[PDB]
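The structure under discussion appears below in the form of structure tokens.
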Amino acid sequence: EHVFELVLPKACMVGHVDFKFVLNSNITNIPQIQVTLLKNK
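As structure tokens, then:
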């Protein structure tokens, strides 16, 4: 597991979050990783 905590400069009407990723070139199979978005306490 990895958790990225992301504080925005200001409150805003967030439309979406683009999570871009680059996998290792020597990747035999596409991994089974789930990515989800939550709000902080």
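Note that the sequence shown covers residues 1088 to 1128 in PDB author numbering. A virtual CB, placed ideally from N, CA and C, is assigned to each residue, including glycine.
Check, Outcome
"How many Å lie between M1100 and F1091 at the Cα?", "20 Å"
"Quick one: Cα of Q1119 to Cα of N1127, how far?", "25 Å"
"Quick check: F1106 and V1122, are their CB atoms within less than 8 Å of each other?", "yes"
"Going by C-alpha to C-alpha distance, which of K1097, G1102, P1096 sits closest to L1124?", "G1102"
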